[PDB]
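Atom set for the values below is all heavy atoms of this structure, side chains included, hydrogens, waters and symmetry mates excluded. In what follows, every chain begins at residue 1, and chains take the letters A, B, ... in the order their sequences are listed. Numbering of ligands and ligand atoms starts at 1, following listing order.
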Number of protein chains: 2
Amino acid sequence: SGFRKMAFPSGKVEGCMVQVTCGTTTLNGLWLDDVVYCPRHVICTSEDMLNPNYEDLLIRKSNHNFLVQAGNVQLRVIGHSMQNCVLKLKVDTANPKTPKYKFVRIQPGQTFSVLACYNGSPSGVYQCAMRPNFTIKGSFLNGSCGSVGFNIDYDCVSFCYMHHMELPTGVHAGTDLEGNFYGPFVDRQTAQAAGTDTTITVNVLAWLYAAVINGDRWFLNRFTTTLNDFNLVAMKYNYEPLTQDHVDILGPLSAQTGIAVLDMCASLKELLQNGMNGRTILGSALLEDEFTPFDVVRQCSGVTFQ
Amino acid sequence: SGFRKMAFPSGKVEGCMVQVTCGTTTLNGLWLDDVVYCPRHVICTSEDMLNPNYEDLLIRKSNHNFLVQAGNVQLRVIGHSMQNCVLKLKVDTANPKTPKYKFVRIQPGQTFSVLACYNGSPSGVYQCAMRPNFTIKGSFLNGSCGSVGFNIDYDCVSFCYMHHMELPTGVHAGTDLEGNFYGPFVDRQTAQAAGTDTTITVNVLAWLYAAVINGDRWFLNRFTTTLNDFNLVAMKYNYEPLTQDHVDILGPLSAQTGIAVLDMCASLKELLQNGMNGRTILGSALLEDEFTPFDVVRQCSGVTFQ
Ligand SMILES: CN(C)c1cccc(Oc2cnc(Nc3cccc(O)c3)nc2)c1
Ligand SMILES: [Cl-]
Ligand SMILES: [Cl-]
C-alpha cells in the first residue's frame, strides 16, 4: 500500500542526454539514433531574446559551430536543420544506448516524467502533469532547457516534452519533440498569457479511488448525482467538464472499489461545496489532480483493466 | 526556478536489479559484482512467517532452489549465506553494470530515492525520508520486497535501504544493506509497534527557505524567538527538538536569503499555532518535512551526477 508521486525509472533516458553548446550558451540535447534534438534558442544571445530571427541566426551557423558532447565523447556533427522550435543535429554515430522510442504529443491532463538535466548530466527525476492551460509546474533552472518529459510502456520510451522556457509567472512551457509548443507560447523573452487554468476532474476522481483502495474513506457519503448536475458544480469550481469517456476510463477503479462513478462524483461534489474541514486524503490537505487513472492503477495493481 | 520532490536518476541502480524466486515466493535482489543481495524472508513459505527459524530454513535450502533472473538471462547460484536479515547469493557471473557504490546506514531525518521494483523489473522512482521512528511512508505492493533506496554523490551510489515488509499499519520497514533493520522491527509476520513519530523540524525550516527562494514569502514575520522557546511550541505540535547542529546546517540557506535561522523559526512558530488559514506554501496546504537542507541547496543549485 501507500500512494506516492512516482516517476518512471530514468536509465533509458539518461543514456540519451548530451550537452549542446553554440558559441556562449550550453543546454541539453537528446541523442536518438544519429540525430540530436535540442531547443533552437541555443543559437540565441540576450541581444536576440525579445524577437529572435531564428532563420537568420541559423544561416550564420555551420555544422562545426555546434559542440555536442555525450558524456566525455565529442560527437561529429554532419548536418543541421530547424523543425518548428527544435534543432536536429545529424551526427556521424548512432547512439548505441538509443531505447525503443516514439515521439508523442500528449493531451492536457496527461502526466509524464521529467529528467532534469544540466550540461548533459542528469540531476533528478519527477512527475509533471500537462495543465489544461498547457503549462507545467516543474523544477527548471538556468541550463535545464532540453530536458525532456517521457512515459515508458514496457520497453518503449514515448518522449512527449522538451523544456524551453520559464514564463514570468514561474511556470514552465515547452514543445513536443517535433518542436511544436504546447499552448500559445513562443520562444522569445516576453510576457505571454497562459490561458485560464482549471482542475483535471477525472484525475481528482481517480485519486479519490486510490484513497479508498488505501483505506481513506471519510469522504464517502450517502449521496449520488447525475453527470449533468456534477458538471454544473465542476464549472462553478473551475474544474474540467466530465465526459462519458472519462466515466469509461474510470470503470476499472469503479469495479475494484464497487463505488459507482457517479457516486464518487457526489462525494467530490460535497468536498468542493464544503471543503475538507481540515482533514486529509492520502496525506494531502487539498484535492490532487496530477494522477491519471492509469497512474493510479499502476500503484494499485489489484484492480482489473485487462 | 520551481521546487519539486525529486529522486536521483535511477539508471545506475536499474542495471543492478534482478529477480529472486524461492519456491512460490518471488522478490527483488541487488546484483553487485558476483553477489545478489535480497531479503532473507524469500526462503520462508506462507506458514513459516509467524516465527521462522531462518538458520534451519537456510540449512534446508540448496543453491538450485534459488532461481535468479537478470533480464533474459538466469544467473547460476553457486553460494548462499546470511548476514543479519539479508541473504547473499554468490553467482558464477559478475555484474558488468556494477556501479561505484558504498553501503551506508542513514540517520532518521535523512532522505533517499527508492527504486520500486516488481519481479526484478524497475517500476518507478520516488523520494522518501527515513522517519524519526525509523519507518518510511513509501508506495510498496506485494513483491516489492528487495527494492532498494539510495543516494548518489558524484559518481558513487550509496545504498542505504532494502525494503522488507509492510507493517499492518501500512507504513514500511526495511534494513540497511548489511541486513540490520532500521528501527525495532523484525522479519516475522507479527504486529510490531512503530514508535511515536515526530515532524522533522530542520527539514520543515529548509523547505520554508526553499519557498522564499521560489517567491513564497507571506509566512515571513518580524518576530524573534530563542531556540529554547521555539522548542516549547515544537514539543506541543510533535515536532522534533531543534538543536544548534540543525541551526548550523541551515546556515547556507540563511545566508542566501538574508533570513536568520531563528527568524524562520519564529515564522514556523506562527504557522503551527495559527495554521495556514487556507493559504499554500509551494503548492502544499500543509508543512512538508521530507526535504533536507542539502536537498534544498542541491536542487536550487543544479547539481548533477556522472
Ligand atoms: C525562450 N528563451 C528562454 C530564450 C529565447 C531567446 C534567447 C534567449 O536567451 C537569453 C534570454 N535572456 C538572457 N538573459 C537575461 C538576463 C536578465 C534579464 C533578462 O530578461 C534576460 N539570456 C539569454 C532565451
Ligand atoms: Cl505518467
Ligand atoms: Cl536525498
Side-chain angles (χ1 to χ4, degrees), chain A residues 5-9 22-27 39-54 57 85-86 104 106 109-114 123-130 136 140-146 149-153 157-158 160-168 172-175 181 185-192 203 206 290-299, chain B residues 5-9 104 106-107 109-114 123-130 149-153 157-158 160-161 203 206 290-299 303 305:
Chain A
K5 220 163 250 200
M6 198 174 316
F8 282 105
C22 217
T24 36
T25 326
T26 293
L27 44 63
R40 67 176 180 174
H41 68 66
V42 70
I43 75 180
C44 282
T45 71
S46 47
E47 297 304 321
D48 301 302
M49 75 191 190
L50 294 185
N51 200 68
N53 189 302
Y54 282 103
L57 293 163
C85 296
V86 294
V104 175
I106 50 147
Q110 293 204 274
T111 57
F112 55 94
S113 294
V114 170
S123 153
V125 74
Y126 60 85
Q127 279 304 81
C128 284
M130 177 64 68
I136 68 177
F140 291 108
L141 302 163
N142 262 354
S144 72
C145 293
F150 59 97
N151 283 276
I152 308 181
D153 173 13
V157 181
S158 287
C160 58
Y161 178 88
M162 186 174 261
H163 180 58
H164 287 244
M165 54 188 315
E166 185 171 284
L167 306 165
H172 303 116
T175 67
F181 262 94
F185 310 108
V186 291
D187 50 352
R188 63 195 68 170
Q189 192 76 281
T190 296
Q192 306 174 35
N203 289 6
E290 300 214 347
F291 297 93
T292 69
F294 177 102
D295 299 345
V296 165
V297 167
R298 151 157 85 125
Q299 253 182 94
Chain B
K5 193 120 81 183
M6 205 178 300
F8 291 100
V104 165
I106 44 151
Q107 287 308 107
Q110 290 192 264
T111 53
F112 57 93
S113 312
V114 171
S123 156
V125 64
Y126 56 89
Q127 183 86 343
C128 295
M130 174 72 51
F150 61 97
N151 284 279
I152 312 197
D153 186 342
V157 175
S158 289
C160 60
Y161 179 85
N203 290 5
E290 300 225 345
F291 290 102
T292 75
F294 187 43
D295 293 342
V296 172
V297 169
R298 184 233 302 157
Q299 174 153 184
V303 182
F305 313 87

Could you give the N/O to N/O pairs under 3.5 Å linking ligand 1 and the protein, each with its distance?
from: ligand 1; atom 1: 12 (N); to: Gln189(A); atom 2: NE2; distance (Å): 3.3

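Using bins of under 30°, 30° to 60° and over 60° for the plane-to-plane angle, the ring pair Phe305(B)/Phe8(B) lands in the perpendicular bin. Using a 30° and 60° split on the angle between ring planes, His41(A) and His164(A) fall in the perpendicular class, above 60°.
Between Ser158(A) and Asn151(A), the side chains place no donor N or O within less than 3.5 Å of an acceptor N or O (distance only, hydrogens not considered). Looking only at atom types and distance, the side chain of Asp295(B) has a donor-acceptor partner in the side chain of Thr111(B) under 3.5 Å away.
Taking the ring axis of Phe291(A) as reference, the NZ or CZ atom of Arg298(A) does not stay both within 45° of it and closer than 6.0 Å to the ring centre.
Of all heavy-atom pairs spanning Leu141(A) and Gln299(B), the tightest one is CD1-O, 3.2 Å.
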